[PDB]
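One structure below.
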Amino acid sequence: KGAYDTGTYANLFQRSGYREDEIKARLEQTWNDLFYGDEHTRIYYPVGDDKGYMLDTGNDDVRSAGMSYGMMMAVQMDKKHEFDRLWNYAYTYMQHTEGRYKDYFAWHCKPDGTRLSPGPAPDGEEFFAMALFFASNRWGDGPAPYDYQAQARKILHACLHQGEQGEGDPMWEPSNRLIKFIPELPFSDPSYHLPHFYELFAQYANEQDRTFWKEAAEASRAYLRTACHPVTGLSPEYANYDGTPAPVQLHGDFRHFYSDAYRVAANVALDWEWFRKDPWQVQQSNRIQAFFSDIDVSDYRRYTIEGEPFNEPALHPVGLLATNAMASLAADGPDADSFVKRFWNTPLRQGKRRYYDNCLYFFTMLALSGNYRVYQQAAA
Ligand SMILES: OC[C@@H]1O[C@@H](O[C@H]2[C@H](O[C@@H]3CO[C@@H](O[C@@H]4CO[C@@H](O)[C@H](O)[C@H]4O)[C@H](O)[C@H]3O)OC[C@@H](O)[C@@H]2O)[C@H](O)[C@H]1O
């Protein structure tokens, strides 16, 4: 049974020989540096008395994915002040109040809250909902807009039912229960598949949707088995519903193993840790660690999912190392302890491209310390 059933979370750092005091201080220091560090390290910026944003340093914008990541980090670290500031920013500037995207979030804005595009990013919505449910379960609902579980159910209502009552499209395809890349297009992004979050939506969402969420959890586990290469464990950034790489798009070639796809190994490993349902997740984790076992972080490239390297380097090599190390939650092969130590010995990334690397790094620091947990509807 998983950590959801047992309440016991694997501490991979402790299993590797790091001291409990050492591990707690390292996680606290990662939080301090990421949220409140120097101008070359931090990715969180408070705004006035009641707002704050996660900055995509590389693109000079604020992204729904980043805001939702920050909320998950804050609720996992018991940081309600930062949680509330981030949520108020997303609620105030990004959430649509009308039209085809009502209750969805404009996927990016300028730091000052000016929307740059109206379209939403489903990976943002699902993290907002999961972080808000955990906020409700840890702290209790406050007055709107800090009525966390009510806000979460509103987001997930739109995710399944948008355009039943006028203009818009859902973020899940009703026929296959798979999350989409964007509401309008008939293909997916493997990194967006969070079956472990859908298991929990099946407990917390509007009652009429709980069967759908349970089905989505199983459909996403099956989908990832079709999307990850059976030899390398590599997945494409964009994939068809059948798991094969999607066609080249106007805005780029997403057929290869690059930034988005790094999260798949981390998502697979956390579902295994929480729920322990699909033993394939152990083999997927072993395969990707085997692929990268003798590749130094300094040599990380773009790869075809068949494992053929490009000259082109990885944009976010620290992020890739982070996700390869988080796969140690499920891997039982000869590389698992090596990746945990490689990760421990890697500092937070600095400079203009740091944001994505450091979000993945933080989730890995949470998970490998046994601090990436389910906050259940439970007794005092
Ligand atoms: O500017 C990049 C953008 O990709 C397409 O964006 C989608 C949009 O997806 C979000 C894209 O950003 C993802 O996260 C990035 C991963 O790579 C990192 O280098 C970067 O720092 C991260 O921000 C995020 O996960 C997605 O939610 O979703 C809405 C779509 O309308 C939009 O098309 C844009 O075409 C391309 O410019």
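Just so it is clear, none of the values below were taken in a lab; they were calculated from the coordinates. Note that each Cβ is placed from the backbone with ideal geometry, even for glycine, and that neighbours are counted across all protein chains shown.
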* To do: Sticking with the crude label model, points 7 Å out along Cα→Cβ, report the distance from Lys341 to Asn176 in nm, one decimal please.
  => 4.2
* Just subtract the alpha-carbon distance of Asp242 and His157 from 0.36 nm times their residue separation and send over the number in nm, one decimal. => 28.0 nm
* **Estimated FRET transfer efficiency (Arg225, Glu22; beta-carbon r; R0 25 Å; 0.05)** => 0.10
* State, as an integer percentage, the relative contact order of the chain based on alpha-carbon contacts under 8 Å between residues 6 or more apart. => 17
* Asked: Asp147 versus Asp299, label points 7 Å from Cα toward the beta carbon: distance in nm?
  -> 5.7
* Using a Förster distance of 56 Å, the FRET efficiency for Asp78-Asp253 (Cβ separation, nearest 0.05) -> 0.85
* Asked: So between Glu184 and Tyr45, what do we pick up on full extension, going 0.36 nm a residue minus the alpha carbon distance?
  -> 46.8 nm
* So how do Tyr372, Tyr91 line up by other beta-carbon neighbours within 10 Å, fewest first? -> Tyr91, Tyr372
* Can you flag which of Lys24/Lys51; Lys1/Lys180; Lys102/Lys180; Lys102/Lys154; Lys110/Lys352 are past 20 Å Cα-Cα? -> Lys24/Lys51; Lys1/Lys180
* Helical contribution to [θ] at 222 nm, DSSP H n ≥ 4, -39,500 (n - 2.57), averaged over the chain, rounded to 500 -> -14000 deg cm²/dmol
* Structure fact -> Here the stretch 112-119 yields Karplus 3J(HN,Hα) values (6.51, -1.76, 1.60; θ = phi - 60°; whole Hz; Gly and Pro given as x) of 7, x, 5, 5, 9, 9, x, x
* To do: Note the full-extension length gain between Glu207 and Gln14 as 0.36 nm times their separation in residues minus their Cα-Cα distance, in nm to one decimal.
  => 65.5 nm
